[PDB]
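**Q** For reference, this is target.cif, and it has mmCIF, C-alpha atoms.
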data_start
#
loop_
_atom_site.label_atom_id
_atom_site.label_comp_id
_atom_site.auth_asym_id
_atom_site.auth_seq_id
_atom_site.Cartn_x
_atom_site.Cartn_y
_atom_site.Cartn_z
CA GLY A 1 0.21 -23.73 -37.32
CA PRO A 2 0.26 -20.19 -38.63
CA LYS A 3 3.32 -17.96 -38.58
CA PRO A 4 3.75 -15.05 -36.16
CA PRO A 5 1.99 -11.82 -37.14
CA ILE A 6 4.47 -9.10 -38.10
CA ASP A 7 4.75 -5.28 -38.04
CA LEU A 8 2.90 -4.99 -34.77
CA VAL A 9 2.71 -1.25 -34.12
CA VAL A 10 1.28 0.78 -31.27
CA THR A 11 -0.63 3.41 -33.20
CA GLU A 12 -2.46 5.22 -30.42
CA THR A 13 -2.09 5.50 -26.65
CA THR A 14 -4.34 7.10 -24.03
CA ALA A 15 -4.41 6.85 -20.22
CA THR A 16 -6.42 3.56 -20.22
CA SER A 17 -6.15 2.21 -23.75
CA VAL A 18 -3.79 1.25 -26.54
CA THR A 19 -4.64 0.82 -30.22
CA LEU A 20 -2.67 -1.83 -32.17
CA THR A 21 -2.25 -2.69 -35.82
CA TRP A 22 -0.39 -5.57 -37.37
CA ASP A 23 -0.15 -7.63 -40.54
CA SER A 24 -1.09 -11.28 -40.68
CA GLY A 25 2.41 -12.54 -41.41
CA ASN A 26 0.79 -15.49 -43.23
CA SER A 27 0.15 -16.41 -46.87
CA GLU A 28 -2.95 -18.45 -45.98
CA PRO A 29 -5.99 -16.87 -44.30
CA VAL A 30 -5.82 -16.47 -40.55
CA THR A 31 -9.10 -17.14 -38.81
CA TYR A 32 -8.56 -14.82 -35.83
CA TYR A 33 -5.88 -13.43 -33.52
CA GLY A 34 -5.05 -13.45 -29.84
CA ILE A 35 -3.58 -10.36 -28.21
CA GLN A 36 -1.42 -10.87 -25.14
CA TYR A 37 -0.26 -8.03 -22.92
CA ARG A 38 1.05 -7.25 -19.49
CA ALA A 39 2.18 -4.43 -17.23
CA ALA A 40 5.89 -3.63 -16.94
CA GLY A 41 6.10 -4.35 -13.23
CA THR A 42 3.96 -7.49 -12.99
CA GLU A 43 5.33 -10.95 -12.25
CA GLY A 44 3.40 -13.55 -14.19
CA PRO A 45 1.39 -14.43 -17.27
CA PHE A 46 0.31 -12.18 -20.11
CA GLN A 47 -3.34 -11.06 -20.20
CA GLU A 48 -5.28 -12.04 -23.28
CA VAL A 49 -8.05 -10.91 -25.57
CA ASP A 50 -9.09 -13.87 -27.75
CA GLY A 51 -11.10 -14.07 -30.94
CA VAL A 52 -9.98 -10.88 -32.69
CA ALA A 53 -10.97 -11.19 -36.32
CA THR A 54 -9.41 -7.94 -37.64
CA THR A 55 -5.82 -6.67 -37.85
CA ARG A 56 -6.66 -3.60 -35.73
CA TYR A 57 -7.76 -3.64 -32.11
CA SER A 58 -7.95 -1.28 -29.12
CA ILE A 59 -7.25 -2.72 -25.68
CA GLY A 60 -8.95 -0.81 -22.88
CA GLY A 61 -9.05 -1.11 -19.11
CA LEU A 62 -5.33 -0.44 -18.74
CA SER A 63 -3.77 1.28 -15.77
CA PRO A 64 -2.64 4.92 -16.23
CA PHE A 65 1.02 6.00 -16.37
CA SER A 66 2.04 2.35 -16.80
CA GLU A 67 4.46 0.64 -19.18
CA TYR A 68 2.96 -2.33 -21.05
CA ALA A 69 4.08 -4.93 -23.52
CA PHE A 70 1.80 -6.27 -26.25
CA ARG A 71 2.12 -9.16 -28.67
CA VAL A 72 -0.21 -10.80 -31.15
CA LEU A 73 -0.71 -14.39 -32.25
CA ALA A 74 -2.54 -16.00 -35.17
CA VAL A 75 -5.08 -18.86 -35.06
CA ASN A 76 -6.16 -21.05 -37.94
CA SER A 77 -7.82 -24.45 -38.26
CA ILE A 78 -4.59 -26.19 -37.24
CA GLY A 79 -4.19 -24.20 -34.02
CA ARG A 80 -2.62 -21.08 -32.52
CA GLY A 81 0.73 -19.88 -33.81
CA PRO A 82 3.72 -18.44 -31.98
CA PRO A 83 3.34 -14.84 -30.77
CA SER A 84 4.78 -11.89 -32.61
CA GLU A 85 7.66 -9.94 -31.17
CA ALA A 86 6.47 -7.81 -28.26
CA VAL A 87 6.03 -4.04 -28.61
CA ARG A 88 6.22 -1.32 -25.95
CA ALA A 89 3.63 1.21 -24.85
CA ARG A 90 3.28 3.58 -21.89
CA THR A 91 -0.22 4.80 -21.04
CA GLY A 92 -1.00 8.46 -20.41
CA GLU A 93 -1.70 10.29 -17.18
CA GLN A 94 -4.76 10.95 -15.01
CA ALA A 95 -5.36 12.88 -11.82
CA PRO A 96 -4.12 10.96 -8.77
CA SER A 97 -6.69 8.54 -7.37
CA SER A 98 -5.33 8.46 -3.80
CA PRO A 99 -4.31 11.14 -1.29
CA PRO A 100 -0.93 12.38 -0.10
CA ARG A 101 0.02 9.87 2.58
CA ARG A 102 0.70 10.38 6.30
CA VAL A 103 -0.16 14.06 6.38
CA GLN A 104 0.97 15.74 9.59
CA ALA A 105 1.14 19.31 10.82
CA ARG A 106 2.47 21.16 13.84
CA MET A 107 3.14 24.69 15.01
CA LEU A 108 6.79 25.79 14.75
CA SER A 109 5.92 29.15 16.38
CA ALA A 110 2.80 30.87 17.65
CA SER A 111 1.78 31.69 14.07
CA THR A 112 3.67 29.35 11.69
CA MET A 113 2.50 25.84 10.93
CA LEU A 114 4.66 23.13 9.34
CA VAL A 115 2.76 20.66 7.10
CA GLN A 116 4.27 17.56 5.54
CA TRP A 117 3.22 14.43 3.68
CA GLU A 118 4.34 11.64 1.36
CA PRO A 119 3.39 11.18 -2.30
CA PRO A 120 0.12 9.43 -3.14
CA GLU A 121 0.12 5.69 -3.65
CA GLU A 122 -1.78 6.16 -6.97
CA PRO A 123 -0.39 9.34 -8.57
CA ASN A 124 -1.38 8.17 -12.08
CA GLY A 125 1.30 10.46 -13.48
CA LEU A 126 4.03 12.90 -12.50
CA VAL A 127 2.92 14.85 -9.43
CA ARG A 128 3.28 18.55 -10.25
CA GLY A 129 2.29 19.96 -6.88
CA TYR A 130 0.07 19.79 -3.80
CA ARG A 131 -2.75 21.91 -2.42
CA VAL A 132 -3.08 22.49 1.33
CA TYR A 133 -6.58 23.53 2.41
CA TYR A 134 -6.99 24.95 5.90
CA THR A 135 -9.65 26.84 7.85
CA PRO A 136 -10.54 27.95 11.38
CA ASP A 137 -14.11 26.63 10.81
CA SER A 138 -14.48 23.16 9.22
CA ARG A 139 -18.22 23.72 8.67
CA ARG A 140 -17.38 26.03 5.80
CA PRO A 141 -17.68 24.59 2.30
CA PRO A 142 -14.34 23.44 0.82
CA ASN A 143 -14.00 26.50 -1.49
CA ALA A 144 -14.31 28.72 1.56
CA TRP A 145 -11.22 27.10 3.07
CA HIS A 146 -7.94 28.88 2.47
CA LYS A 147 -5.93 27.28 -0.34
CA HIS A 148 -2.13 27.12 -0.29
CA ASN A 149 -0.52 25.69 -3.43
CA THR A 150 2.93 24.04 -3.39
CA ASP A 151 5.30 22.46 -5.89
CA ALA A 152 5.98 18.72 -5.81
CA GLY A 153 8.07 19.00 -2.63
CA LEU A 154 6.82 17.17 0.45
CA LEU A 155 6.61 19.96 3.04
CA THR A 156 5.55 23.59 3.30
CA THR A 157 4.79 26.20 5.92
CA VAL A 158 1.67 28.26 6.44
CA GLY A 159 2.29 31.53 8.24
CA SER A 160 0.36 34.35 9.87
CA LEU A 161 -2.04 31.98 11.65
CA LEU A 162 -4.21 33.26 14.48
CA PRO A 163 -3.54 32.22 18.08
CA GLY A 164 -5.65 30.03 20.31
CA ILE A 165 -7.50 28.53 17.34
CA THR A 166 -8.04 24.97 16.15
CA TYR A 167 -7.28 24.86 12.45
CA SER A 168 -8.49 22.01 10.26
CA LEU A 169 -6.33 21.00 7.27
CA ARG A 170 -6.37 18.56 4.32
CA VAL A 171 -3.90 18.06 1.45
CA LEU A 172 -4.32 16.79 -2.12
CA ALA A 173 -1.88 16.04 -4.94
CA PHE A 174 -2.25 17.04 -8.58
CA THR A 175 -0.79 15.86 -11.88
CA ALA A 176 -0.91 18.00 -15.00
CA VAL A 177 -4.34 16.44 -15.61
CA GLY A 178 -5.95 17.54 -12.34
CA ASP A 179 -6.50 17.15 -8.59
CA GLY A 180 -6.63 13.91 -6.65
CA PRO A 181 -8.65 13.20 -3.50
CA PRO A 182 -7.77 14.96 -0.24
CA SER A 183 -6.19 13.38 2.82
CA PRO A 184 -8.46 12.87 5.83
CA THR A 185 -8.87 16.17 7.70
CA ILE A 186 -6.51 16.73 10.65
CA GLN A 187 -6.65 19.36 13.37
CA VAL A 188 -3.85 21.58 14.73
CA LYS A 189 -4.42 23.76 17.80
CA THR A 190 -2.47 27.03 17.96
CA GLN A 191 -1.26 28.69 21.17
#
How would this structure read if it were set down as structure tokens?
**A**
Amino acid sequence: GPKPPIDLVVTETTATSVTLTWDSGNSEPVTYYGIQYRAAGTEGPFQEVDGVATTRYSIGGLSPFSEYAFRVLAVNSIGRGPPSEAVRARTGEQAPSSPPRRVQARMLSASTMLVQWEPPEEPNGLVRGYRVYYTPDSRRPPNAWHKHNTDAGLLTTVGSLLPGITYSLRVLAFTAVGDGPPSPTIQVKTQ
């Protein structure tokens, strides 16, 4: 059985990938390596890429904005060796891939609307703000809707609305990378 690889280093990190380098940790030739890895908040077994013949490898398909642990093991003719010590990586951010949750809106006065929501289930990063889109005519293209930007707080008001009108509204979240998908459209009828 070979010895554990040593000097496992995370050398590069993106939103969906990590690049690793290590040294064989063995005097005799190692036939190939196994890389084991798993997400910080998962309960269960490491994931594995088998058959790696080099001492450099990039693991893709990872979830954004997620903390991972990686470790490497050696294989020779005798068998697989014990894994290296585990190293830490956190993947980078993307735009959210889900909407602000449970969007609701109501008139506080004849002209002021209160809008509120909860953070997206899949922010993929630190949410930097929201965008509330609203219009008196939902047939207009999205960029013809009025846009109201907010910070990462979970409520805002929109003022100076017109009376006796049905407004349509949707909300999206954004990270520093970009905008996520919008909530389903809701309607609010003004007095």
**Q** Check the smallest atom-to-atom distance from each of A:156, A:168, A:47, A:84 to residue 114 (chain A) using all atoms listed in the file, then report the winner.
**A** A:156
**Q** With the file shown as input, list the residues that the PyMOL selection byres ((chain A and resi 51) around 10) selects, as a PDB file with C-alpha atoms, in the frame of the given file.
**A**
ATOM      1  CA  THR A  31      -9.100 -17.140 -38.810  1.00  0.00           C
ATOM      2  CA  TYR A  32      -8.560 -14.820 -35.830  1.00  0.00           C
ATOM      3  CA  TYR A  33      -5.880 -13.430 -33.520  1.00  0.00           C
ATOM      4  CA  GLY A  34      -5.050 -13.450 -29.840  1.00  0.00           C
ATOM      5  CA  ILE A  35      -3.580 -10.360 -28.210  1.00  0.00           C
ATOM      6  CA  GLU A  48      -5.280 -12.040 -23.280  1.00  0.00           C
ATOM      7  CA  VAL A  49      -8.050 -10.910 -25.570  1.00  0.00           C
ATOM      8  CA  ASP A  50      -9.090 -13.870 -27.750  1.00  0.00           C
ATOM      9  CA  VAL A  52      -9.980 -10.880 -32.690  1.00  0.00           C
ATOM     10  CA  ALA A  53     -10.970 -11.190 -36.320  1.00  0.00           C
ATOM     11  CA  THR A  54      -9.410  -7.940 -37.640  1.00  0.00           C
ATOM     12  CA  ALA A  74      -2.540 -16.000 -35.170  1.00  0.00           C
ATOM     13  CA  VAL A  75      -5.080 -18.860 -35.060  1.00  0.00           C
TER      14      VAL A  75
END
**Q** Return as a ChimeraX atom specification the set of residues that the PyMOL selection byres ((chain A and resi 142) around 12) yields on the displayed structure.
**A** /A:132-135,137-141,143-147,168-171,182,185
**Q** One decimal, in Å: what's the spacing between CA of residue 91 (chain A) and CA of residue 149 (chain A)?
**A** 27.3 Å
**Q** Quick one: axis-aligned box around all listed atoms of region 180-183 of chain A, 8 Å on every side, centre and edge lengths in Å to one decimal, written as JSON.
**A**
{"center_x": -7.4, "center_y": 14.1, "center_z": -1.9, "size_x": 18.5, "size_y": 17.8, "size_z": 25.5}
**Q** May I have the residues within 10 Å of residue 88 (chain A) as a PDB file with C-alpha atoms, keeping the file's coordinate frame, using all atoms listed in the file and disregarding those fewer than 6 positions away in the same chain?
**A**
ATOM      1  CA  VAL A   9       2.710  -1.250 -34.120  1.00  0.00           C
ATOM      2  CA  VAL A  10       1.280   0.780 -31.270  1.00  0.00           C
ATOM      3  CA  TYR A  37      -0.260  -8.030 -22.920  1.00  0.00           C
ATOM      4  CA  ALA A  40       5.890  -3.630 -16.940  1.00  0.00           C
ATOM      5  CA  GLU A  67       4.460   0.640 -19.180  1.00  0.00           C
ATOM      6  CA  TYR A  68       2.960  -2.330 -21.050  1.00  0.00           C
ATOM      7  CA  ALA A  69       4.080  -4.930 -23.520  1.00  0.00           C
ATOM      8  CA  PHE A  70       1.800  -6.270 -26.250  1.00  0.00           C
ATOM      9  CA  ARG A  71       2.120  -9.160 -28.670  1.00  0.00           C
TER      10      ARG A  71
END
**Q** Please, what distance in Å, to one decimal, runs between CA of residue 101 (chain A) and CA of residue 122 (chain A)?
**A** 10.4 Å
**Q** State, in Å with one decimal place, the distance from CA of residue 6 (chain A) to CA of residue 38 (chain A).
**A**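 These two atoms are separated by 19.0 Å.
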**Q** Of the candidates A:1, A:181, A:45, A:61, which one gets nearest to residue 28 (chain A) if we count only C-alpha atoms?
**A**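 Distance minimum relative to residue 28 (chain A) lands on A:1.
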**Q** Using all atoms listed in the file, find the one residue out of A:157, A:98, A:104, A:112 that sits nearest to residue 186 (chain A).
**A**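 The answer is A:104, which sits nearest to residue 186 (chain A).
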**Q** Which residues are close to residue 180 (chain A), i.e. within 6 Å by only C-alpha atoms, leaving aside same-chain residues fewer than 6 positions away? Reply as a PyMOL selection string.
**A** chain A and resi 95-97+172-174
**Q** Tell me which of A:184, A:25, A:136, A:2 sits closest to residue 163 (chain A), counting all atoms listed in the file.
**A**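 For residue 163 (chain A), the nearest of the given residues is A:136.
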**Q** Set the distance at 9 Å and use all atoms listed in the file: which residues neighbour residue 125 (chain A) once local chain neighbours fewer than 6 positions away are removed? I'd like the list as a PyMOL selection string.
**A** chain A and resi 64-66+92-96+174-177
**Q** Just say which residues the PyMOL selection byres ((chain A and resi 58) around 8) picks in this file, as an mmCIF file with C-alpha atoms, keeping the file's coordinate frame.
**A**
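This went into part.cif:
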data_model
loop_
_atom_site.group_PDB
_atom_site.id
_atom_site.type_symbol
_atom_site.label_atom_id
_atom_site.label_comp_id
_atom_site.auth_asym_id
_atom_site.auth_seq_id
_atom_site.Cartn_x
_atom_site.Cartn_y
_atom_site.Cartn_z
ATOM 1 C CA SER A 17 -6.150 2.210 -23.750
ATOM 2 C CA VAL A 18 -3.790 1.250 -26.540
ATOM 3 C CA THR A 19 -4.640 0.820 -30.220
ATOM 4 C CA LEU A 20 -2.670 -1.830 -32.170
ATOM 5 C CA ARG A 56 -6.660 -3.600 -35.730
ATOM 6 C CA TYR A 57 -7.760 -3.640 -32.110
ATOM 7 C CA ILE A 59 -7.250 -2.720 -25.680
ATOM 8 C CA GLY A 60 -8.950 -0.810 -22.880
#
**Q** Counting only C-alpha atoms, figure out which residue out of A:188, A:15, A:151, A:22 gets nearest to residue 86 (chain A).
**A**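 Closest to residue 86 (chain A), using only C-alpha atoms: A:22.
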**Q** Could you check the closest approach to residue 183 (chain A) for each of A:27, A:111, A:116, A:160 and tell me which residue wins, using all atoms listed in the file?
**A** A:116
**Q** Skip residue 117 (chain A) itself and residues of its chain fewer than 3 positions away, then list as a ChimeraX atom specification all residues within 8 Å of it, counting only C-alpha atoms.
**A** /A:100-104,154-155
